[PDB]
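Below is one structure, written out as structure tokens; comments come after it.
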Amino acid sequence: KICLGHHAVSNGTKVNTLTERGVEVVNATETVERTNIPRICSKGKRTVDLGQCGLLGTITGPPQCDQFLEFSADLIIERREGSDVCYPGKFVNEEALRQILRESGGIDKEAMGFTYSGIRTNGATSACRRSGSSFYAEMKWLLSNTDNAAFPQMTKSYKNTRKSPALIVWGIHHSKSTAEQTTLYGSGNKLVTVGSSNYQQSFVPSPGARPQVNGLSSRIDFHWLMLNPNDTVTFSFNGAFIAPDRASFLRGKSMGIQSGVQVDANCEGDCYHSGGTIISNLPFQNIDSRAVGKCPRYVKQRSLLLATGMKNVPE
Amino acid sequence: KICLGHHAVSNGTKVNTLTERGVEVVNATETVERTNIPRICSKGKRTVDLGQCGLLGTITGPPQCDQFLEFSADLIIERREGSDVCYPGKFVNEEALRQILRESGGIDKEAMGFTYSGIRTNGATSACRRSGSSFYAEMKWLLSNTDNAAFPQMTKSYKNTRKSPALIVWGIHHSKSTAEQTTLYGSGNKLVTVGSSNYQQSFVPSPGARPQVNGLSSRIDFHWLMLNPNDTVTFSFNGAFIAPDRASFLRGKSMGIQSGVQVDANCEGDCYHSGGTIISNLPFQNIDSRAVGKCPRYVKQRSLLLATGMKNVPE
Amino acid sequence: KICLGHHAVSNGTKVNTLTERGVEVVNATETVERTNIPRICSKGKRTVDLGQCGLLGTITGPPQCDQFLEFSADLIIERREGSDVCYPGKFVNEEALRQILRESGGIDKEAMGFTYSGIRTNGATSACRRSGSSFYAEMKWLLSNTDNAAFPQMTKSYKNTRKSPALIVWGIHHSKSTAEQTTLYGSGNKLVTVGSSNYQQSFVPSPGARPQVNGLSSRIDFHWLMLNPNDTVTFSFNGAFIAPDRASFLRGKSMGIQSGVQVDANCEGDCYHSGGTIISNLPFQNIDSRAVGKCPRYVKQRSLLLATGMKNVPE
Amino acid sequence: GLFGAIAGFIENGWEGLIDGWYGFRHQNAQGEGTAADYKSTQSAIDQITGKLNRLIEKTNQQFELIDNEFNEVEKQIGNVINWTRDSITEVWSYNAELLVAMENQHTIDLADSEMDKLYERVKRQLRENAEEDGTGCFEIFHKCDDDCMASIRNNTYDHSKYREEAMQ
Amino acid sequence: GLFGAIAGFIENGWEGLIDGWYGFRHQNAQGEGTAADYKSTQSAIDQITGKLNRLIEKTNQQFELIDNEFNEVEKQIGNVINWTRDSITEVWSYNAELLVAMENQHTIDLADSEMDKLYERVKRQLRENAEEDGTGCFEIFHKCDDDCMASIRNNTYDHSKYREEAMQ
Amino acid sequence: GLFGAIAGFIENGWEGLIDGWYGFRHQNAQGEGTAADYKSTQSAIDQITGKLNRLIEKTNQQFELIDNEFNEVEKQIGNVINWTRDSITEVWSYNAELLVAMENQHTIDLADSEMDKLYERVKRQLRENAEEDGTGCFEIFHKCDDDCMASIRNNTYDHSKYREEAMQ
Ligand SMILES: *[C@@H]1O[C@H](CO)[C@@H](O[C@@H]2O[C@H](CO)[C@@H](O[C@@H]3O[C@H](CO)[C@@H](O)[C@H](O)[C@@H]3O)[C@H](O)[C@H]2NC(C)=O)[C@H](O)[C@H]1NC(C)=O
Ligand SMILES: *[C@@H]1O[C@H](CO)[C@@H](O[C@@H]2O[C@H](CO)[C@@H](O[C@@H]3O[C@H](CO)[C@@H](O)[C@H](O)[C@@H]3O)[C@H](O)[C@H]2NC(C)=O)[C@H](O)[C@H]1NC(C)=O
Ligand SMILES: *[C@@H]1O[C@H](CO)[C@@H](O[C@@H]2O[C@H](CO)[C@@H](O[C@@H]3O[C@H](CO)[C@@H](O)[C@H](O)[C@@H]3O)[C@H](O)[C@H]2NC(C)=O)[C@H](O)[C@H]1NC(C)=O
Ligand SMILES: *[C@@H]1O[C@H](CO)[C@@H](O)[C@H](O)[C@H]1NC(C)=O
Ligand SMILES: *[C@@H]1O[C@H](CO)[C@@H](O)[C@H](O)[C@H]1NC(C)=O
Ligand SMILES: *[C@@H]1O[C@H](CO)[C@@H](O)[C@H](O)[C@H]1NC(C)=O
Ligand SMILES: *[C@@H]1O[C@H](CO)[C@@H](O)[C@H](O)[C@H]1NC(C)=O
Ligand SMILES: *[C@@H]1O[C@H](CO)[C@@H](O)[C@H](O)[C@H]1NC(C)=O
Ligand SMILES: *[C@@H]1O[C@H](CO)[C@@H](O)[C@H](O)[C@H]1NC(C)=O
């Protein structure tokens, strides 16, 4: 006599189908990745670990960013201990600027060529310490020559003679009081107008007490624009103005992540989250819905078993 | 002789398949929910029906919100007749603030401890009536002691000594004219600076005629920030400033809806829209694409019939 | 003897399935559209090709838009050479305003009825040339009667007596210097307050040097609001104010595209991109992910062949 | 269906078959009778019910308000939200349509399959004692009384017991 | 396919079969002939056409511009829009790929199924008068002239009429 | 499965079948033996591997950060982003669940199909020399030694060679 049959095993794997839940098959395989590598796998990639340098700091240059003023990178890592500032302050449209810098590939600095007469240009503070009182490396704190002297209305223009847009940053200084502002820049209302070809905006300083951060109750507002090739930016100001010394140009392309784990140049990855790297051939992941890079699609399920063998019918 | 066969009915149900439109099967069932319950089914849920109180009003306290100054809720219902204000005015970033309050679970108020000397603190208007002229219950309208007296530059600071962020609200008063503003706060330009640790912003009042709302051509601009634990907010102002009397702390979690239908504590639901509640075991709904809660997925089709029996082949 | 069989061909078409890549079938058909028509197929549709008129210009009326002050359209085409302005300047929330105008169906203008006394109303410039110096056709450049004369604080109100919202536009003029601004409007700080029922905002002009565009280092800031039926807008100003002469009302519905190709009234289409029209019965397209209208879904694949015949097994 | 039984070589269904999905209709000297087969019926029923249990599964994801019906949010962010919501609706309408169409094809095909499994089961019971007529019937080449029919229906029919007569 | 006819126990197709999808190729004393079966062919054709009619359905949803090709919108809202649009593209590319792959599997399998339905139909017509050779052919154990073949193709073949000879 | 072999008229699998997915278990005067059929096994294996190759395909689309874990972005744009991301997650969780369920149904059904193709293949080899017992076995009505069994397994069994004895 001759008989036809099929194989089976003592312990199969249960899977789900359209018509039944928990059908046992001879073998199955996982489609959802749960295994994380708790490092930033960066083998083969120009990596910049900003550490204590905040990403926006690379444009203005507080001391913690001196090593990063012209960085070049394929992968940019922000750290939780990063600070963008030394003299307290904050950027306008800060997140827009971060997203531009995360994908820039790094920055290339170039002097914009502003010269001054009739003012001081060496404003410094003990909050930006470089073996003494200093300031942002890419900026110039413009002052009256002497206390309460009038800050002359002045005009400074810069033409982007290069072929890619120029990142221009300036600052508005808000002293701790109306009285302190007059010693720095002279009395009266002070105004800074910014205009180019696709941008126009005015700024007036706002002196007043603020909570003391880094010993100071004053703050600097940092503003920026992208200046197109062959376009000109013109600054008209009469005080409380932190002038740009260099413009920034974007090098190419990169990606930025925010992580709390070490760099590992011995693993290779393309999908990152704050806890490390997702290295997987699987189409789905249940690790972090905010992972970035080239990633498996985040799904809410921890497991989706795909049958790789026939139904298991044991004896 | 012996014959095999299958069942049939006189009136089957037509469904669609991959290869054919309008195939008749013995039985089918609907997958798209169209039946609405025209009430807010709230059985089992701490519900707050704001009625004439606007959600933002619960922070500042116009008369219509006196009963809601420290509400607690799992479900918050805004009504079309709700008003956030008594003295005319509007919030900056109002929708951001509404979304925070809809999911807060309610608010817990606490005095911030500001004391004043050399000014009036009892500014009132007949637009905020409580058995006479009154004001926002959570605010203080700061004035010069007498007409045209100078409002002294003043500084008030508050430290969040609690463990969750503090919602701080203040107001900028724009009188109907430059002349009216000087009687309230003294002449000259007036400035209010707001600073904390992650926030910095200045405000100058703008007197002028506005259309008369509630009898007034003046308005109050309400501003807010969230103050982190152990962080400090400092107000520097010299007039036209509506000071906060209490800070708000979020209780937990909730959901907010906007409805025009009554509350029913005898039906249970988790998917709400302005016309009522969607209670359904079906995976899809064709009722309202803006439904919120735990909902069937909105689809454009009114009907998608799923076959639950074999093809119907009658005689 | 009798034999059963099936057909085959010498050259079949390879397709993909769930279990195999590159299976040969007797016939297959493409599901992804790659063929583009390099024209704006507009047969049957009231079309407005703005050409050198910028869409926002249709509200304020620089010379290039004189023919478009009350246009009516189902399809609105913006061109790369379009300009919204003559006297240099830019709109606040410009893109929000463009999206409103792209779907408006056109605009219907109506005089708002402002009358003036004690000022000039005929401000003109050689940048808005109509057989000489002119200005925006829908605006009025308000000036002091003579140089340095004080611009009187003034109030102008307009009630929307119609049944749909009124688009109100005004402008803030920033002269090239503080000195030029005083000749136009008199000395001192100048303020314009805008208030209605759901809007309140103040503006102060910012004189200063800006790069010269169209010969001018001055600029005009154009602002707008939508005024609800039976609601009133009130302007309080003392100079540097470009007043609206007419309000705009939206005609109905339309769609707006941005194109660089000619109009063809002999092809019919409903899916447009900058390079032309996608006319297809296919469910997917690989032409432009930013196509608008009624479109096939954009997909990254250039080809997805759907089997329309059996497996091809040749001899 | 794919298995060419239901609406295939079996000509139509039985409106008098009210106690099951599939069954036997017999004729012998004692007359005609019709009875339902429980096992095939319950297999089909169990599979359709499993499909239903999948489809009435609760979404446990909460979504909150991101715009405003009483006070419209700013136009640009509102246009972004409307476009996003309309794109998601596009996706879910497509998924619902495809899901139901695919599931209906498979339900119809699965019911077709259970009919064929029952037919072949009976065929294999009857061995060389019957011939198929092509309409879902087995011509029985031996006397088959009501008990004989009952044994076919409940799988106790011994083909050997009738083998001698039937071939003859 | 799932039914192991096409590209299965039937060895290959007929490039000379130009008037239908499936057919009969006969041999008798009068010679050989090939003719197409219309019913099976049209069943397969009708099913593939139904699939096509589903796929060429018009999306009646209008989408409007939410960014700007000439004057880029603000960076942050632009990054949100680009990400949303790229996510939707991810979803629709996945759906298109899956849809076509699934539909192609089912089309191939359905064509395989129609071949088997035709083969079994003929088998059931011929009853005990023929034997299958395993290649899609029925060895006929009686003289079957051109009219006899034609009656098999159009379902008028009476197995009884030849029963006596064929078993013999 | 849809083909009512595996977990169908074939009662259970063979845990001793360790060299293939499907096979033959014979009994004759020389004893019993079990061997695997390679062709059917590899067909099933090739089809499951093709499915796997589809599923381990790399997404070549890059997505970048649109919010901030260290410094939360503004609340409203953050609520729009969270809602968009949660909606996409809804869609991909649905797609993953549906994909695996559908693929598992088809994998089970395809394995069922290969078993039936092998059974019918053997049936067609054996012609009138055997009868099916209804459990996946063919009762052989002639002496079938180990070489005779081997010829059935590798398709060299000549039914004519035994035809005379077996019918007898
Ligand atoms: C985003 O889409 C919503 C719709 O889902 C738009 O809000 C809707 O706006 C329309 C007018 O454009 C309103 O239609 C009106 O309906 C009422 C009847 O209830 C009546 O006044 C008229 O029949 C009129 O057509 C509709 O009520 C309103 N719905 C909601 C839920 O807001 C909204 O405008 C879109 N967003 C943006 C920024 O445009
Ligand atoms: C969102 O995505 C769009 C693309 O879909 C980005 O706009 C695109 O920006 C790139 C540069 O980043 C432009 O590329 C350029 O193409 C032209 C050739 O036509 C030429 O100048 C160079 O080859 C250059 O690579 C592209 O034209 C442009 N396309 C569109 C439709 O705008 C946009 O930047 C992204 N949004 C944000 C906020 O970044
Ligand atoms: C959009 O969603 C994200 C979550 O995906 C929200 O950010 C998350 O905010 C929650 C609080 O609302 C944070 O939870 C906290 O987790 C830490 C443990 O790591 C601890 O402090 C507590 O357990 C607390 O629950 C969570 O860390 C944070 N995650 C991320 C990635 O930001 C965010 O608030 C949402 N957006 C908006 C605008 O609300
Ligand atoms: C079971 O499945 C996985 C994935 O297909 C495979 O790697 C593994 O080797 C398989 N094991 C057996 C015994 O088939
Ligand atoms: C910029 O100006 C120079 C003239 O000095 C010209 O040659 C160049 O092509 C211009 N580039 C662009 C992008 O306009
Ligand atoms: C028809 O289908 C629905 C849903 O499966 C069910 O509730 C109803 O009882 C069914 N009726 C019959 C007669 O099967
Ligand atoms: C806040 O400060 C107190 C010291 O008074 C400290 O004990 C507490 O841990 C601090 N909390 C945080 C969140 O920094
Ligand atoms: C092949 O398929 C396409 C689309 O179904 C059809 O238009 C064409 O006529 C077909 N050709 C043949 C020979 O079947
Ligand atoms: C506007 O006011 C008039 C009274 O003059 C009234 O008849 C009309 O109904 C009002 N319309 C709305 C929309 O309030």
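Each chain in the structure tokens gets a letter, A, B, ..., in the order shown, and its residues are numbered from 1; ligands are numbered from 1 in order too.
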
Contacts of residue 55 (chain A) at 7 Å or less, counting only C-alpha atoms, minus same-chain residues fewer than 5 places along, as JSON, numbers by chain?
-> {"A": [78, 84, 98]}

Could those residues be written to a file, using N, CA and C atoms, as an mmCIF file, in the first residue's frame?
data_model
loop_
_atom_site.group_PDB
_atom_site.id
_atom_site.type_symbol
_atom_site.label_atom_id
_atom_site.label_comp_id
_atom_site.auth_asym_id
_atom_site.auth_seq_id
_atom_site.Cartn_x
_atom_site.Cartn_y
_atom_site.Cartn_z
ATOM 1 N N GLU A 78 22.887 66.128 18.815
ATOM 2 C CA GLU A 78 22.684 67.091 19.889
ATOM 3 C C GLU A 78 22.621 66.349 21.219
ATOM 4 N N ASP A 84 23.153 76.796 23.715
ATOM 5 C CA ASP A 84 23.364 77.680 22.565
ATOM 6 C C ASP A 84 24.000 79.011 22.955
ATOM 7 N N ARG A 98 17.261 75.276 13.834
ATOM 8 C CA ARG A 98 17.831 73.956 14.124
ATOM 9 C C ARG A 98 17.625 72.957 12.995
#

At most 6 Å is the cut-off: for each residue in chain B with any atom that close to an atom of chain C, write down the nearest atom pair and the distance in Å rounded to one decimal, counting only C-alpha atoms, chain first then increasing number, as CSV.
residue,atom,partner,partner_atom,distance
B:208,CA,C:236,CA,5.8
B:209,CA,C:236,CA,5.9
B:210,CA,C:195,CA,5.0
B:211,CA,C:196,CA,5.9

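One finds CA of residue 5 (chain A) at 23.2 Å from CA of residue 7 (chain E).
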
Residues at most 12 Å from residue 72 (chain E), counting only C-alpha atoms, excluding those fewer than 4 positions away in the same chain, as a compact mmCIF listing (two decimals) with N, CA, C and O atoms, in the first residue's frame?
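Writing the result to selection25.txt gives the following:
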# COMPACT_ATOMS: atom_id res chain seq x y z
N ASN A 198 13.40 89.84 0.33
CA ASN A 198 12.25 89.01 0.65
C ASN A 198 11.99 89.05 2.15
O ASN A 198 11.29 88.18 2.68
N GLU C 94 1.31 86.22 4.28
CA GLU C 94 1.02 86.29 2.86
C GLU C 94 0.47 84.98 2.34
O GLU C 94 -0.48 84.98 1.54
N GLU C 95 1.02 83.85 2.79
CA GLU C 95 0.59 82.57 2.23
C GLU C 95 -0.83 82.23 2.67
O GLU C 95 -1.60 81.64 1.90
N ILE E 66 -0.82 73.59 -0.47
CA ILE E 66 -0.56 73.98 0.91
C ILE E 66 0.86 74.46 1.08
O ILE E 66 1.22 74.87 2.18
N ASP E 67 1.68 74.44 0.03
CA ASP E 67 2.96 75.14 0.07
C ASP E 67 3.13 75.98 -1.21
O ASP E 67 2.17 76.20 -1.97
N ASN E 68 4.35 76.48 -1.45
CA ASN E 68 4.60 77.42 -2.53
C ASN E 68 5.92 77.14 -3.23
O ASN E 68 6.99 77.21 -2.61
N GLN E 76 9.66 75.97 9.20
CA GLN E 76 9.13 74.96 10.11
C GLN E 76 7.83 74.36 9.59
O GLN E 76 7.67 73.14 9.53
N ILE E 77 6.87 75.21 9.19
CA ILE E 77 5.62 74.68 8.66
C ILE E 77 5.91 73.92 7.36
O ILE E 77 5.18 72.98 7.00
N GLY E 78 6.92 74.36 6.61
CA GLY E 78 7.31 73.64 5.41
C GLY E 78 7.89 72.27 5.73
O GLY E 78 7.57 71.29 5.04
N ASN E 79 8.68 72.16 6.81
CA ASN E 79 9.20 70.85 7.18
C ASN E 79 8.07 69.94 7.66
O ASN E 79 8.13 68.73 7.42
N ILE E 81 4.91 70.07 6.59
CA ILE E 81 4.20 69.68 5.37
C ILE E 81 4.95 68.60 4.57
O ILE E 81 4.38 67.59 4.18
N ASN E 82 6.27 68.77 4.41
CA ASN E 82 7.07 67.83 3.62
C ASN E 82 7.10 66.45 4.23
O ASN E 82 6.89 65.43 3.54

Could you write out as a PyMOL selection string the residues of chain E within 8 Å of chain D, counting only C-alpha atoms?
-> chain E and resi 61+63-64+66+81+84+88+92+110+113-114+117+121+124-125+127

Could you write those residues out with N, CA and C atoms, as a PDB file, in the first residue's frame?
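Wrote result08.pdb, looks like this:
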ATOM      1  N   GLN E  61     -11.929  63.278  -4.768  1.00  0.00           N
ATOM      2  CA  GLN E  61     -11.445  64.173  -3.739  1.00  0.00           C
ATOM      3  C   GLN E  61     -10.424  65.141  -4.303  1.00  0.00           C
ATOM      4  N   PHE E  63      -7.659  68.121  -3.731  1.00  0.00           N
ATOM      5  CA  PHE E  63      -6.656  68.633  -2.826  1.00  0.00           C
ATOM      6  C   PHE E  63      -6.087  69.915  -3.396  1.00  0.00           C
ATOM      7  N   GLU E  64      -5.805  70.859  -2.508  1.00  0.00           N
ATOM      8  CA  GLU E  64      -5.322  72.142  -2.946  1.00  0.00           C
ATOM      9  C   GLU E  64      -3.917  72.337  -2.444  1.00  0.00           C
ATOM     10  N   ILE E  66      -0.816  73.593  -0.474  1.00  0.00           N
ATOM     11  CA  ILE E  66      -0.561  73.975   0.907  1.00  0.00           C
ATOM     12  C   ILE E  66       0.859  74.464   1.082  1.00  0.00           C
ATOM     13  N   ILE E  81       4.908  70.071   6.586  1.00  0.00           N
ATOM     14  CA  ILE E  81       4.198  69.685   5.365  1.00  0.00           C
ATOM     15  C   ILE E  81       4.950  68.603   4.570  1.00  0.00           C
ATOM     16  N   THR E  84       4.724  65.275   6.303  1.00  0.00           N
ATOM     17  CA  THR E  84       3.392  64.712   6.132  1.00  0.00           C
ATOM     18  C   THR E  84       3.239  64.156   4.729  1.00  0.00           C
ATOM     19  N   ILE E  88       2.607  60.201   3.665  1.00  0.00           N
ATOM     20  CA  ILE E  88       1.505  59.726   2.840  1.00  0.00           C
ATOM     21  C   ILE E  88       2.051  58.988   1.610  1.00  0.00           C
ATOM     22  N   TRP E  92       1.100  55.311   0.312  1.00  0.00           N
ATOM     23  CA  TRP E  92       0.497  54.947  -0.979  1.00  0.00           C
ATOM     24  C   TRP E  92       1.405  54.101  -1.860  1.00  0.00           C
ATOM     25  N   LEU E 110      -6.733  32.545 -10.296  1.00  0.00           N
ATOM     26  CA  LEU E 110      -8.090  32.400 -10.836  1.00  0.00           C
ATOM     27  C   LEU E 110      -8.052  31.764 -12.223  1.00  0.00           C
ATOM     28  N   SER E 113      -7.609  28.228 -11.765  1.00  0.00           N
ATOM     29  CA  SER E 113      -8.879  27.638 -11.332  1.00  0.00           C
ATOM     30  C   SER E 113      -9.820  27.363 -12.500  1.00  0.00           C
ATOM     31  N   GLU E 114      -9.943  28.299 -13.451  1.00  0.00           N
ATOM     32  CA  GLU E 114     -10.852  28.060 -14.574  1.00  0.00           C
ATOM     33  C   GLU E 114     -10.396  26.893 -15.436  1.00  0.00           C
ATOM     34  N   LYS E 117     -11.639  23.821 -13.630  1.00  0.00           N
ATOM     35  CA  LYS E 117     -13.079  23.626 -13.712  1.00  0.00           C
ATOM     36  C   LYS E 117     -13.454  23.025 -15.053  1.00  0.00           C
ATOM     37  N   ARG E 121     -15.047  19.364 -15.598  1.00  0.00           N
ATOM     38  CA  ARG E 121     -16.313  19.320 -16.324  1.00  0.00           C
ATOM     39  C   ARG E 121     -16.284  18.235 -17.389  1.00  0.00           C
ATOM     40  N   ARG E 124     -16.266  14.790 -15.891  1.00  0.00           N
ATOM     41  CA  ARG E 124     -17.574  14.327 -15.437  1.00  0.00           C
ATOM     42  C   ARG E 124     -18.530  14.018 -16.586  1.00  0.00           C
ATOM     43  N   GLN E 125     -18.383  14.679 -17.725  1.00  0.00           N
ATOM     44  CA  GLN E 125     -19.157  14.280 -18.888  1.00  0.00           C
ATOM     45  C   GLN E 125     -18.814  12.864 -19.354  1.00  0.00           C
ATOM     46  N   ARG E 127     -17.514  10.236 -17.799  1.00  0.00           N
ATOM     47  CA  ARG E 127     -17.835   9.138 -16.873  1.00  0.00           C
ATOM     48  C   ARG E 127     -16.849   7.973 -16.932  1.00  0.00           C
TER      49      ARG E 127
END

Compile the contact shell of residue 36 (chain F) as a VMD selection string: residues with an atom at most 10 Å away, counting only C-alpha atoms, same-chain residues fewer than 6 positions apart removed.
-> (chain A and resid 4 to 7) or (chain F and resid 17 to 25 153)

Using N, CA and C atoms, can you write the selected residues to a file as a JSON list (two decimals), in the first residue's frame?
[["chain", "number", "residue", "atom", "x", "y", "z"],
["A", 4, "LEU", "N", 0.36, 9.14, 1.24],
["A", 4, "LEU", "CA", 0.88, 10.51, 1.20],
["A", 4, "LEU", "C", 0.68, 11.22, 2.55],
["A", 5, "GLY", "N", 1.64, 12.08, 2.92],
["A", 5, "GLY", "CA", 1.54, 12.82, 4.17],
["A", 5, "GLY", "C", 2.39, 14.07, 4.17],
["A", 6, "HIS", "N", 2.36, 14.76, 5.31],
["A", 6, "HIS", "CA", 3.09, 16.01, 5.50],
["A", 6, "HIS", "C", 3.75, 15.98, 6.87],
["A", 7, "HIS", "N", 4.71, 16.88, 7.08],
["A", 7, "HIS", "CA", 5.47, 16.90, 8.32],
["A", 7, "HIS", "C", 4.74, 17.65, 9.44],
["F", 17, "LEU", "N", 9.03, 12.58, 9.61],
["F", 17, "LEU", "CA", 9.38, 13.14, 8.31],
["F", 17, "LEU", "C", 10.27, 14.37, 8.53],
["F", 18, "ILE", "N", 11.57, 14.13, 8.61],
["F", 18, "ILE", "CA", 12.55, 15.16, 8.95],
["F", 18, "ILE", "C", 13.35, 15.64, 7.75],
["F", 19, "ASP", "N", 13.16, 15.04, 6.57],
["F", 19, "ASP", "CA", 13.95, 15.41, 5.41],
["F", 19, "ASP", "C", 13.14, 16.10, 4.32],
["F", 20, "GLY", "N", 11.92, 16.51, 4.60],
["F", 20, "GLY", "CA", 11.14, 17.22, 3.61],
["F", 20, "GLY", "C", 9.83, 17.66, 4.21],
["F", 21, "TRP", "N", 9.08, 18.44, 3.43],
["F", 21, "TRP", "CA", 7.78, 18.87, 3.93],
["F", 21, "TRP", "C", 6.67, 17.85, 3.65],
["F", 22, "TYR", "N", 6.72, 17.16, 2.52],
["F", 22, "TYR", "CA", 5.70, 16.20, 2.14],
["F", 22, "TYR", "C", 6.42, 14.92, 1.72],
["F", 23, "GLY", "N", 5.69, 13.81, 1.73],
["F", 23, "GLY", "CA", 6.37, 12.57, 1.41],
["F", 23, "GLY", "C", 5.41, 11.41, 1.26],
["F", 24, "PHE", "N", 6.00, 10.24, 1.05],
["F", 24, "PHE", "CA", 5.32, 8.97, 0.85],
["F", 24, "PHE", "C", 5.72, 8.08, 2.02],
["F", 25, "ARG", "N", 4.75, 7.33, 2.55],
["F", 25, "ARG", "CA", 4.96, 6.30, 3.57],
["F", 25, "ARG", "C", 4.33, 5.03, 3.00],
["F", 153, "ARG", "N", 7.46, 6.97, -6.51],
["F", 153, "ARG", "CA", 7.94, 8.20, -5.89],
["F", 153, "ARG", "C", 8.65, 9.08, -6.90]]

Test item: residues lying within 7 Å of ligand 9 with only C-alpha atoms and all ligand atoms, as a list in words |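 These are the residues that qualify: residues 163, 229 and 230 of chain C.
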
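Those residues that approach residue 30 (chain F) to within 12 Å, counting only C-alpha atoms, are residues 1 of chain A; 143, 144, 145, 146, 147, 148 and 149 of chain F; same-chain residues fewer than 6 positions away are not listed.
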
Any chance you can output those residues with N, CA and C atoms as a PDB file, in the first residue's frame?
ATOM      1  N   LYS A   1       0.841  -1.185   0.000  1.00  0.00           N
ATOM      2  CA  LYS A   1       0.000   0.000   0.000  1.00  0.00           C
ATOM      3  C   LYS A   1       0.893   1.258   0.000  1.00  0.00           C
TER       4      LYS A   1
ATOM      5  N   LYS F 143       1.101  -6.543  -6.460  1.00  0.00           N
ATOM      6  CA  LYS F 143       2.313  -6.664  -5.663  1.00  0.00           C
ATOM      7  C   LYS F 143       3.231  -5.506  -6.016  1.00  0.00           C
ATOM      8  N   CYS F 144       3.636  -4.736  -5.013  1.00  0.00           N
ATOM      9  CA  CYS F 144       4.431  -3.546  -5.277  1.00  0.00           C
ATOM     10  C   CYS F 144       5.629  -3.582  -4.336  1.00  0.00           C
ATOM     11  N   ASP F 145       6.749  -4.061  -4.867  1.00  0.00           N
ATOM     12  CA  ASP F 145       7.983  -4.239  -4.127  1.00  0.00           C
ATOM     13  C   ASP F 145       8.666  -2.892  -3.901  1.00  0.00           C
ATOM     14  N   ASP F 146       9.856  -2.908  -3.291  1.00  0.00           N
ATOM     15  CA  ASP F 146      10.502  -1.637  -2.961  1.00  0.00           C
ATOM     16  C   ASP F 146      10.869  -0.851  -4.219  1.00  0.00           C
ATOM     17  N   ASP F 147      11.267  -1.552  -5.283  1.00  0.00           N
ATOM     18  CA  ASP F 147      11.571  -0.873  -6.539  1.00  0.00           C
ATOM     19  C   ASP F 147      10.300  -0.312  -7.155  1.00  0.00           C
ATOM     20  N   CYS F 148       9.192  -1.045  -7.004  1.00  0.00           N
ATOM     21  CA  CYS F 148       7.900  -0.583  -7.496  1.00  0.00           C
ATOM     22  C   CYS F 148       7.498   0.706  -6.769  1.00  0.00           C
ATOM     23  N   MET F 149       7.615   0.721  -5.432  1.00  0.00           N
ATOM     24  CA  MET F 149       7.398   1.945  -4.654  1.00  0.00           C
ATOM     25  C   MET F 149       8.303   3.084  -5.119  1.00  0.00           C
TER      26      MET F 149
END
